[PDB]
């Protein structure tokens, strides 16, 4: 006896494992290039230096990866969401107007990535409805740029710094070291404390990141179109479609032909998410004047540059 696994509910469960984001590329001697956004990448071995990913067996790009003797792994930085979206959708020329260099074996390498790996195709292994492609790394580029994150269906970023030592007996002892008493560290630890308050409440009310973002954006109806919407929620199109379907089942959203609109329940759920977020600062700043609180927001906007 083997258990039947629902594939969409299993896909949602996998969204709990955060990953960076890559684009796998290859080009033949002929001149045919492929590039495929992928988060199935991981490392295997240091010597020999080996990495792997999993490509759909129905992919139109599989033939080129199978034939080309070399392929590249581009680790996207936080600034490359547009690249990630371009190479996630079939089109006539995914590379149109992209700048890229040629590594060994004609590997296409994008500029401004967090890192890149030039691989020789090493082995191809059966993987259910995917093929597992194992590559030997023969060259790499390590730039260190802050990476693009993919988690619970949505694009995010890495929050810097180790946490405060919150059981310390001394006042300055809360900092991991005294040079962490600085404005940058304080801001990251304020975010971390806000998230620790807000996140469990959002989750206990039954919303995951991708659902939450669609509710908050669709409530305001600011350019409610498919390309405009993707840009605002920072999610893949495949994840927008999946998340509007769930919201539809919860009675929160209507998919009227071309665009999406919340229902009255959906509007109330969006507003409930706002009140949760605003709850923490309401409590923490209850004893500050309106002027002080107005001032705090303005200094925040000054660091942001708005």
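Numbering follows the first chain given and starts at 1.
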Comparing 126-134 with 164-172, the one whose average Cα B-factor in the PDB entry is higher: 164-172
Can you tell me whether 138-146 has a higher mean C-alpha B factor than 93-101 in this record, or the other way round? 93-101
Per the deposited entry, the peak Cα B-factor within the set 218, 115, 187, 223 goes to 223
Residue with maximal Cα B-factor (values as given in the PDB entry) among 37, 248, 45, 42: 248
What third of the chain, by the recorded C-alpha B-factor, contains residue 298? middle
Among modelled residues of the same chain, the CA temperature factor third for residue 203: middle
Ordered by C-alpha B-factor within the chain, which third holds residue 285? Give me lowest, middle or highest, please. middle
Please place residue 13 in the lowest, middle or highest third of its chain by C-alpha B factor as given in the entry. middle
Would you check the entry's CA temperature factor for residue 53 and let me know if it's in the chain's lowest, middle or highest third? lowest
